[PDB]
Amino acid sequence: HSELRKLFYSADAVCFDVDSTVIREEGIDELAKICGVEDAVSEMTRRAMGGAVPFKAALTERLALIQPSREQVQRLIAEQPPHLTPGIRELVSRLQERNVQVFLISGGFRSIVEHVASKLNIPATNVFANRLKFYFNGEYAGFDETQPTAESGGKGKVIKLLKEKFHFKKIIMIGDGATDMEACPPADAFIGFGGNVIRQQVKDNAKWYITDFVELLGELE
């Protein structure tokens, strides 16, 4: 709306959570489907939602059930690519046309998130996500545990990195979950997103909450 538009327009960087915000799905749950272990993994993903558990361990546990091969990830991207949330294409377009720097931050995986960023004309340099490792033959080999997104609080750590690198004056974090809400601070403002699933505790506690990306499209262009 009005005050929301003024806040939105003041941003010089916008960071989007990926799973359930930029896309309708959860990258890791979709990889779990492609790999045949969806039920177990999707419960663990629920267990981990919010600031609920040590992220690095929950990620290891889930990846150990999945054991994604390079070709499986490759197949996910080619045959079962995630669905962009309605309106995100247009929103990112309006942001970029205003020279707002857009980032994607995800506890999911660079291979999938870079695919999503490409669809949004977000450079890979603006993607922060976990990196799967693979052995020479493609077998799952683990993940890069040095990534900020591999730890609890990783979204806030990414935003701190961006502030230190680029000195943005006003970074807004946009996402569906408590972990996104918990990235402000260091983000300057947080907008909760409930277009795919409403996380009531975010909706109840966020100063700004939208259920439809059009709501930020506060003009006619």
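All residue numbers refer to positions in the sequence shown, first residue = 1.
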Note to self: Is it the case that at least a third of the other compared entries omit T179, given both of its neighbours are modelled there?
What the structure shows: no
Notebook entry, point to check: In at least one third of the other PDB entries compared, is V53 left unmodelled?
Noted result: yes
Next item on the list: Output the stretch having the higher mean C-alpha B factor in the entry; the candidates are 142-150 and 98-106.
Entry: 142-150
Check: What stretch has the higher average Cα B-factor here, 163-171 or 29-37?
Finding: 29-37
Notebook entry, point to check: Per the PDB entry, which option out of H115, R75, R89, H83 has the greatest Cα B factor?
Noted result: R75
Item checked: Maximum C-alpha temperature factor, selected from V158, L59, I191, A183 -> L59
Check: In terms of the CA temperature factor given in the entry, to which third of its chain does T211 belong: lowest, middle or highest?
Finding: middle
Next item on the list: Sort the modelled residues of this chain by their C-alpha B factor and say whether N205 lands in the lowest, middle or highest third.
Entry: middle
